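Engineer: Below is the file coords_1.tsv, with TSV, N, CA, C and O atoms.
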```tsv
chain	number	residue	atom	x	y	z
A	1	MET	N	-7.49	16.01	-22.27
A	1	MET	CA	-7.52	15.83	-20.81
A	1	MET	C	-8.92	15.44	-20.32
A	1	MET	O	-9.25	15.64	-19.15
A	2	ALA	N	-9.73	14.87	-21.20
A	2	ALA	CA	-11.09	14.49	-20.84
A	2	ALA	C	-11.43	13.06	-21.25
A	2	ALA	O	-11.85	12.26	-20.43
A	3	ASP	N	-11.23	12.73	-22.52
A	3	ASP	CA	-11.60	11.40	-23.02
A	3	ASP	C	-10.38	10.58	-23.42
A	3	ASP	O	-10.46	9.37	-23.65
A	4	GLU	N	-9.24	11.21	-23.47
A	4	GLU	CA	-8.01	10.53	-23.85
A	4	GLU	C	-7.11	10.39	-22.65
A	4	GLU	O	-6.41	9.39	-22.49
A	5	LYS	N	-7.15	11.39	-21.77
A	5	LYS	CA	-6.37	11.40	-20.54
A	5	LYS	C	-7.10	12.20	-19.46
A	5	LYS	O	-6.71	13.32	-19.14
A	6	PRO	N	-8.20	11.65	-18.92
A	6	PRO	CA	-8.96	12.30	-17.85
A	6	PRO	C	-8.24	12.18	-16.51
A	6	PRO	O	-7.46	11.25	-16.29
A	7	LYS	N	-8.49	13.13	-15.62
A	7	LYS	CA	-7.84	13.14	-14.31
A	7	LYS	C	-8.33	11.99	-13.42
A	7	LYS	O	-7.72	11.66	-12.40
A	8	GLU	N	-9.45	11.39	-13.81
A	8	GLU	CA	-10.00	10.25	-13.09
A	8	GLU	C	-9.16	9.02	-13.35
A	8	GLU	O	-8.43	8.54	-12.49
A	9	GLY	N	-9.28	8.52	-14.54
A	9	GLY	CA	-8.51	7.37	-14.96
A	9	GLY	C	-9.22	6.07	-14.65
A	9	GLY	O	-9.44	5.24	-15.54
A	10	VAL	N	-9.59	5.90	-13.40
A	10	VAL	CA	-10.27	4.71	-12.96
A	10	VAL	C	-11.76	4.80	-13.30
A	10	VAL	O	-12.32	5.89	-13.43
A	11	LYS	N	-12.39	3.64	-13.49
A	11	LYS	CA	-13.81	3.58	-13.80
A	11	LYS	C	-14.64	4.07	-12.62
A	11	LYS	O	-14.11	4.34	-11.53
A	12	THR	N	-15.94	4.19	-12.81
A	12	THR	CA	-16.82	4.65	-11.77
A	12	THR	C	-16.98	3.59	-10.70
A	12	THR	O	-17.80	2.68	-10.80
A	13	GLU	N	-16.16	3.69	-9.70
A	13	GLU	CA	-16.18	2.77	-8.59
A	13	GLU	C	-17.04	3.31	-7.48
A	13	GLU	O	-17.20	4.52	-7.33
A	14	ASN	N	-17.62	2.42	-6.70
A	14	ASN	CA	-18.38	2.81	-5.54
A	14	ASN	C	-17.39	3.06	-4.42
A	14	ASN	O	-16.22	2.68	-4.54
A	15	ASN	N	-17.80	3.68	-3.35
A	15	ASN	CA	-16.85	3.94	-2.28
A	15	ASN	C	-16.62	2.71	-1.41
A	15	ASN	O	-17.15	2.59	-0.31
A	16	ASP	N	-15.88	1.75	-1.95
A	16	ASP	CA	-15.44	0.61	-1.19
A	16	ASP	C	-13.95	0.75	-0.92
A	16	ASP	O	-13.10	0.38	-1.73
A	17	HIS	N	-13.64	1.36	0.19
A	17	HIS	CA	-12.28	1.61	0.57
A	17	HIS	C	-11.98	0.90	1.87
A	17	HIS	O	-12.87	0.69	2.69
A	18	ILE	N	-10.74	0.51	2.08
A	18	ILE	CA	-10.36	-0.14	3.31
A	18	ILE	C	-9.13	0.53	3.91
A	18	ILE	O	-8.36	1.19	3.21
A	19	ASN	N	-8.97	0.37	5.20
A	19	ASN	CA	-7.85	0.98	5.91
A	19	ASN	C	-6.73	-0.02	6.06
A	19	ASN	O	-6.88	-1.01	6.74
A	20	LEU	N	-5.62	0.23	5.42
A	20	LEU	CA	-4.48	-0.65	5.52
A	20	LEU	C	-3.39	0.03	6.31
A	20	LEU	O	-3.01	1.16	6.02
A	21	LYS	N	-2.88	-0.63	7.30
A	21	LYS	CA	-1.85	-0.06	8.10
A	21	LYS	C	-0.52	-0.71	7.81
A	21	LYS	O	-0.43	-1.91	7.61
A	22	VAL	N	0.52	0.09	7.81
A	22	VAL	CA	1.84	-0.40	7.55
A	22	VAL	C	2.68	-0.29	8.80
A	22	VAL	O	2.81	0.78	9.38
A	23	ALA	N	3.24	-1.40	9.22
A	23	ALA	CA	4.01	-1.45	10.44
A	23	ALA	C	5.35	-2.10	10.20
A	23	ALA	O	5.45	-3.30	9.92
A	24	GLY	N	6.39	-1.32	10.30
A	24	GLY	CA	7.71	-1.83	10.07
A	24	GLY	C	8.40	-2.21	11.35
A	24	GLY	O	8.16	-1.60	12.39
A	25	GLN	N	9.27	-3.22	11.28
A	25	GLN	CA	10.03	-3.67	12.46
A	25	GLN	C	10.92	-2.56	13.04
A	25	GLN	O	11.46	-2.67	14.14
A	26	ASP	N	11.07	-1.48	12.28
A	26	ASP	CA	11.84	-0.31	12.70
A	26	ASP	C	11.08	0.44	13.80
A	26	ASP	O	11.66	1.21	14.56
A	27	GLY	N	9.80	0.18	13.90
A	27	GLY	CA	8.96	0.90	14.84
A	27	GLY	C	8.10	1.92	14.13
A	27	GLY	O	7.19	2.51	14.72
A	28	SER	N	8.39	2.13	12.86
A	28	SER	CA	7.64	3.05	12.05
A	28	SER	C	6.34	2.41	11.60
A	28	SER	O	6.34	1.39	10.91
A	29	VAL	N	5.23	2.97	12.03
A	29	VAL	CA	3.94	2.45	11.66
A	29	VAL	C	2.93	3.58	11.41
A	29	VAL	O	2.83	4.53	12.18
A	30	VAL	N	2.16	3.44	10.33
A	30	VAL	CA	1.20	4.46	9.89
A	30	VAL	C	-0.02	3.77	9.27
A	30	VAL	O	0.09	2.67	8.74
A	31	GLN	N	-1.18	4.40	9.35
A	31	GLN	CA	-2.40	3.82	8.82
A	31	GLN	C	-2.84	4.59	7.57
A	31	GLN	O	-2.81	5.83	7.54
A	32	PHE	N	-3.23	3.87	6.53
A	32	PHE	CA	-3.60	4.47	5.24
A	32	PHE	C	-4.92	3.93	4.73
A	32	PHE	O	-5.14	2.73	4.71
A	33	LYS	N	-5.80	4.80	4.30
A	33	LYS	CA	-7.09	4.38	3.78
A	33	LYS	C	-7.15	4.53	2.28
A	33	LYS	O	-7.22	5.65	1.75
A	34	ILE	N	-7.12	3.42	1.58
A	34	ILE	CA	-7.17	3.44	0.13
A	34	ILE	C	-8.36	2.65	-0.38
A	34	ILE	O	-9.06	1.99	0.40
A	35	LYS	N	-8.60	2.70	-1.66
A	35	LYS	CA	-9.72	2.02	-2.25
A	35	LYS	C	-9.38	0.54	-2.47
A	35	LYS	O	-8.23	0.19	-2.69
A	36	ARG	N	-10.40	-0.32	-2.42
A	36	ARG	CA	-10.23	-1.77	-2.60
A	36	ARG	C	-9.59	-2.11	-3.96
A	36	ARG	O	-9.01	-3.18	-4.14
A	37	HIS	N	-9.68	-1.19	-4.92
A	37	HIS	CA	-9.11	-1.42	-6.25
A	37	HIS	C	-7.87	-0.56	-6.47
A	37	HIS	O	-7.28	-0.56	-7.55
A	38	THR	N	-7.49	0.19	-5.45
A	38	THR	CA	-6.32	1.04	-5.51
A	38	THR	C	-5.05	0.25	-5.15
A	38	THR	O	-5.04	-0.49	-4.17
A	39	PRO	N	-3.98	0.39	-5.95
A	39	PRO	CA	-2.71	-0.32	-5.72
A	39	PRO	C	-2.02	0.13	-4.44
A	39	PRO	O	-2.09	1.30	-4.04
A	40	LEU	N	-1.34	-0.81	-3.79
A	40	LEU	CA	-0.65	-0.53	-2.53
A	40	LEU	C	0.50	0.44	-2.71
A	40	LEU	O	0.99	1.02	-1.74
A	41	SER	N	0.94	0.63	-3.96
A	41	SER	CA	2.04	1.53	-4.29
A	41	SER	C	1.83	2.90	-3.66
A	41	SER	O	2.78	3.54	-3.20
A	42	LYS	N	0.58	3.35	-3.64
A	42	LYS	CA	0.23	4.64	-3.06
A	42	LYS	C	0.67	4.73	-1.61
A	42	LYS	O	1.37	5.66	-1.23
A	43	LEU	N	0.28	3.75	-0.81
A	43	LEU	CA	0.64	3.76	0.60
A	43	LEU	C	2.09	3.38	0.79
A	43	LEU	O	2.74	3.85	1.72
A	44	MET	N	2.61	2.53	-0.09
A	44	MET	CA	4.00	2.10	0.00
A	44	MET	C	4.96	3.27	-0.08
A	44	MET	O	5.79	3.47	0.80
A	45	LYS	N	4.84	4.07	-1.14
A	45	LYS	CA	5.70	5.23	-1.29
A	45	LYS	C	5.40	6.25	-0.20
A	45	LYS	O	6.31	6.82	0.40
A	46	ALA	N	4.11	6.43	0.10
A	46	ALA	CA	3.66	7.41	1.09
A	46	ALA	C	4.24	7.13	2.46
A	46	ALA	O	4.75	8.02	3.13
A	47	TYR	N	4.17	5.87	2.88
A	47	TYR	CA	4.72	5.43	4.15
A	47	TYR	C	6.19	5.81	4.26
A	47	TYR	O	6.61	6.42	5.24
A	48	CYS	N	6.95	5.49	3.25
A	48	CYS	CA	8.37	5.77	3.25
A	48	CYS	C	8.66	7.27	3.23
A	48	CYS	O	9.61	7.73	3.84
A	49	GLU	N	7.82	8.03	2.53
A	49	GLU	CA	7.97	9.47	2.47
A	49	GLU	C	7.86	10.10	3.85
A	49	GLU	O	8.65	10.96	4.23
A	50	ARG	N	6.88	9.66	4.62
A	50	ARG	CA	6.64	10.21	5.95
A	50	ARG	C	7.50	9.55	7.02
A	50	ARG	O	7.83	10.16	8.02
A	51	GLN	N	7.87	8.29	6.82
A	51	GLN	CA	8.66	7.58	7.82
A	51	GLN	C	10.16	7.73	7.59
A	51	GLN	O	10.96	7.52	8.49
A	52	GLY	N	10.52	8.11	6.39
A	52	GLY	CA	11.93	8.28	6.07
A	52	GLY	C	12.62	6.97	5.74
A	52	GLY	O	13.76	6.74	6.15
A	53	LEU	N	11.95	6.12	4.98
A	53	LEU	CA	12.52	4.84	4.58
A	53	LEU	C	12.74	4.79	3.08
A	53	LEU	O	12.07	5.47	2.32
A	54	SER	N	13.70	3.98	2.66
A	54	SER	CA	13.99	3.81	1.25
A	54	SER	C	13.26	2.58	0.70
A	54	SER	O	13.44	1.47	1.20
A	55	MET	N	12.47	2.79	-0.35
A	55	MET	CA	11.66	1.72	-0.96
A	55	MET	C	12.52	0.57	-1.49
A	55	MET	O	12.05	-0.56	-1.60
A	56	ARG	N	13.77	0.85	-1.82
A	56	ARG	CA	14.67	-0.18	-2.34
A	56	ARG	C	15.32	-0.96	-1.21
A	56	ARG	O	15.67	-2.13	-1.36
A	57	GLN	N	15.50	-0.31	-0.07
A	57	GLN	CA	16.13	-0.94	1.08
A	57	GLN	C	15.14	-1.76	1.86
A	57	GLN	O	15.45	-2.86	2.32
A	58	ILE	N	13.94	-1.24	2.02
A	58	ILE	CA	12.92	-1.93	2.76
A	58	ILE	C	12.08	-2.81	1.85
A	58	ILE	O	12.29	-2.85	0.63
A	59	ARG	N	11.14	-3.52	2.43
A	59	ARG	CA	10.24	-4.36	1.67
A	59	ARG	C	8.96	-4.56	2.43
A	59	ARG	O	8.96	-4.67	3.67
A	60	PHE	N	7.87	-4.59	1.71
A	60	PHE	CA	6.57	-4.80	2.29
A	60	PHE	C	6.23	-6.28	2.27
A	60	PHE	O	6.47	-6.98	1.28
A	61	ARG	N	5.67	-6.77	3.35
A	61	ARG	CA	5.30	-8.16	3.47
A	61	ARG	C	3.97	-8.28	4.20
A	61	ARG	O	3.75	-7.63	5.21
A	62	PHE	N	3.10	-9.10	3.69
A	62	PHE	CA	1.79	-9.28	4.28
A	62	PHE	C	1.36	-10.72	4.15
A	62	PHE	O	1.55	-11.33	3.10
A	63	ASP	N	0.82	-11.29	5.22
A	63	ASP	CA	0.29	-12.66	5.21
A	63	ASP	C	1.41	-13.68	5.08
A	63	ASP	O	1.21	-14.79	4.61
A	64	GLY	N	2.59	-13.30	5.53
A	64	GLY	CA	3.73	-14.18	5.45
A	64	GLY	C	4.41	-14.14	4.10
A	64	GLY	O	5.47	-14.73	3.92
A	65	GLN	N	3.82	-13.44	3.15
A	65	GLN	CA	4.40	-13.37	1.82
A	65	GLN	C	4.76	-11.93	1.47
A	65	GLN	O	4.06	-11.00	1.86
A	66	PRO	N	5.87	-11.73	0.76
A	66	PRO	CA	6.28	-10.40	0.33
A	66	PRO	C	5.34	-9.86	-0.74
A	66	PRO	O	4.90	-10.59	-1.63
A	67	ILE	N	5.05	-8.58	-0.67
A	67	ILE	CA	4.15	-7.96	-1.62
A	67	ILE	C	4.88	-6.93	-2.46
A	67	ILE	O	5.95	-6.44	-2.09
A	68	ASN	N	4.30	-6.59	-3.58
A	68	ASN	CA	4.88	-5.64	-4.50
A	68	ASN	C	3.97	-4.47	-4.68
A	68	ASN	O	2.76	-4.59	-4.57
A	69	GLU	N	4.53	-3.33	-5.02
A	69	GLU	CA	3.77	-2.10	-5.19
A	69	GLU	C	2.72	-2.22	-6.29
A	69	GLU	O	1.83	-1.38	-6.42
A	70	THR	N	2.80	-3.28	-7.07
A	70	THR	CA	1.87	-3.49	-8.15
A	70	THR	C	0.69	-4.37	-7.72
A	70	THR	O	-0.16	-4.72	-8.54
A	71	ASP	N	0.63	-4.74	-6.44
A	71	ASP	CA	-0.48	-5.58	-5.98
A	71	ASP	C	-1.62	-4.72	-5.47
A	71	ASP	O	-1.44	-3.54	-5.12
A	72	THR	N	-2.82	-5.29	-5.47
A	72	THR	CA	-3.99	-4.59	-5.01
A	72	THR	C	-4.60	-5.33	-3.82
A	72	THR	O	-4.52	-6.56	-3.75
A	73	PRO	N	-5.23	-4.59	-2.88
A	73	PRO	CA	-5.83	-5.19	-1.68
A	73	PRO	C	-6.92	-6.21	-2.01
A	73	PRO	O	-7.29	-7.04	-1.18
A	74	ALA	N	-7.41	-6.16	-3.23
A	74	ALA	CA	-8.45	-7.07	-3.67
A	74	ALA	C	-7.87	-8.36	-4.24
A	74	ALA	O	-8.55	-9.36	-4.38
A	75	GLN	N	-6.59	-8.33	-4.56
A	75	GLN	CA	-5.93	-9.49	-5.14
A	75	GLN	C	-5.51	-10.46	-4.04
A	75	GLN	O	-5.89	-11.63	-4.05
A	76	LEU	N	-4.74	-9.96	-3.09
A	76	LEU	CA	-4.24	-10.80	-2.00
A	76	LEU	C	-5.25	-10.90	-0.85
A	76	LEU	O	-4.96	-11.53	0.17
A	77	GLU	N	-6.42	-10.30	-1.03
A	77	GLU	CA	-7.49	-10.32	-0.03
A	77	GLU	C	-7.08	-9.63	1.27
A	77	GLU	O	-7.01	-10.25	2.34
A	78	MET	N	-6.80	-8.34	1.19
A	78	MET	CA	-6.47	-7.57	2.35
A	78	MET	C	-7.74	-6.99	2.91
A	78	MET	O	-8.61	-6.55	2.16
A	79	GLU	N	-7.89	-6.98	4.22
A	79	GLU	CA	-9.09	-6.46	4.81
A	79	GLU	C	-8.83	-5.16	5.52
A	79	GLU	O	-7.69	-4.73	5.69
A	80	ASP	N	-9.90	-4.52	5.93
A	80	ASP	CA	-9.83	-3.26	6.62
A	80	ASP	C	-9.16	-3.42	7.97
A	80	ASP	O	-9.34	-4.42	8.67
A	81	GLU	N	-8.36	-2.44	8.31
A	81	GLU	CA	-7.66	-2.35	9.59
A	81	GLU	C	-6.62	-3.46	9.77
A	81	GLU	O	-6.12	-3.68	10.87
A	82	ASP	N	-6.28	-4.16	8.69
A	82	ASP	CA	-5.24	-5.17	8.76
A	82	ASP	C	-3.88	-4.49	8.65
A	82	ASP	O	-3.80	-3.29	8.37
A	83	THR	N	-2.81	-5.21	8.88
A	83	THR	CA	-1.50	-4.58	8.92
A	83	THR	C	-0.47	-5.28	8.01
A	83	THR	O	-0.45	-6.50	7.87
A	84	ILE	N	0.39	-4.46	7.42
A	84	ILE	CA	1.46	-4.92	6.56
A	84	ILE	C	2.77	-4.82	7.32
A	84	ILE	O	3.06	-3.81	7.94
A	85	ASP	N	3.56	-5.86	7.27
A	85	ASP	CA	4.82	-5.89	7.98
A	85	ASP	C	5.96	-5.45	7.08
A	85	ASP	O	6.15	-5.99	5.99
A	86	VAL	N	6.71	-4.47	7.52
A	86	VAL	CA	7.82	-3.95	6.74
A	86	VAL	C	9.15	-4.34	7.37
A	86	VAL	O	9.35	-4.22	8.59
A	87	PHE	N	10.08	-4.77	6.54
A	87	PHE	CA	11.38	-5.22	7.00
A	87	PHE	C	12.48	-4.52	6.22
A	87	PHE	O	12.27	-4.07	5.09
A	88	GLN	N	13.64	-4.38	6.83
A	88	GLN	CA	14.78	-3.78	6.16
A	88	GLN	C	15.75	-4.87	5.73
A	88	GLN	O	16.36	-5.54	6.56
A	89	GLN	N	15.85	-5.08	4.42
A	89	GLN	CA	16.82	-6.04	3.88
A	89	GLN	C	18.21	-5.67	4.27
A	89	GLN	O	18.94	-6.45	4.89
A	90	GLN	N	18.60	-4.49	3.92
A	90	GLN	CA	19.89	-3.96	4.31
A	90	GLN	C	19.81	-3.36	5.71
A	90	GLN	O	18.81	-3.53	6.42
A	91	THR	N	20.85	-2.66	6.12
A	91	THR	CA	20.88	-2.04	7.43
A	91	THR	C	20.14	-0.70	7.43
A	91	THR	O	19.51	-0.32	6.44
A	92	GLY	N	20.22	0.03	8.53
A	92	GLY	CA	19.52	1.30	8.64
A	92	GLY	C	19.44	1.79	10.07
A	92	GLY	O	19.19	2.98	10.32
A	93	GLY	N	19.65	0.90	11.02
A	93	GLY	CA	19.60	1.27	12.41
A	93	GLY	C	20.58	0.47	13.23
A	93	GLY	O	21.08	0.98	14.25
```
Go ahead and render the structure in this file as structure tokens.
Structural biologist:
Amino acid sequence: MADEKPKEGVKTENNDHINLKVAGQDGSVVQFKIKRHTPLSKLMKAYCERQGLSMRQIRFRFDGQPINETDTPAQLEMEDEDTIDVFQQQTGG
């Protein structure tokens, strides 16, 4: 649990974190502060946990393009205080 499987996992990163907000057309919107190298999956699942949405039913979209939980804010060039648009493929309301 130290050199083979440490609780850190990630390399020694500096504190470069950005605030990404998730806003769904449902009206559900929340702001999340993650690291520039941290995957959106963290906020994606988190948003749904607190908003009561299903990750399979909904979908995250940013910059006009759909995003995946495996993307990072540094890949698609997400900036601080920017917003992600969430849509429901299926019904729900």
Engineer: Show which residues sit within 8 Å of residue A:15, as a list in words. Count all atoms listed in the file, and ignore same-chain residues fewer than 2 positions away.
Structural biologist: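 Neighbouring residues, sequence-local ones excluded: residues 12, 13, 17, 18, 34, 35 and 36 of chain A.
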Engineer: Go through A:90, A:14, A:31, A:7 and flag the residue nearest residue A:57, using all atoms listed in the file for the distances.
Structural biologist: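 Closest residue, counting all atoms listed in the file: A:90.
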Engineer: Using all atoms listed in the file, which of the listed residues (A:43, A:29, A:89, A:38) sits closest to residue A:58?
Structural biologist: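 Counting all atoms listed in the file, the residue closest to residue A:58 is A:89.
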Engineer: List the spatial neighbours of residue A:79 as number ranges by chain - criterion: any atom at most 6 Å away, all atoms listed in the file, same-chain residues fewer than 3 positions off excluded.
Structural biologist: A: 18-20, 73, 82-83
Engineer: Could you tell me how far atom CA of residue A:50 sits from atom CA of residue A:6, in Å to one decimal place?
Structural biologist: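 These atoms are spaced 28.5 Å apart.
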Engineer: Just how far from atom CA of residue A:11 is atom CA of residue A:59, in Å to one decimal?
Structural biologist: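 These atoms are spaced 29.7 Å apart.
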Engineer: For residue A:44, please output as a list in words all residues within 7 Å (counting all atoms listed in the file; exclusion window: fewer than 4 positions along the same chain).
Structural biologist: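 Listing them by chain and then by number gives residues 39, 40, 48, 49, 53, 55 and 69 of chain A.
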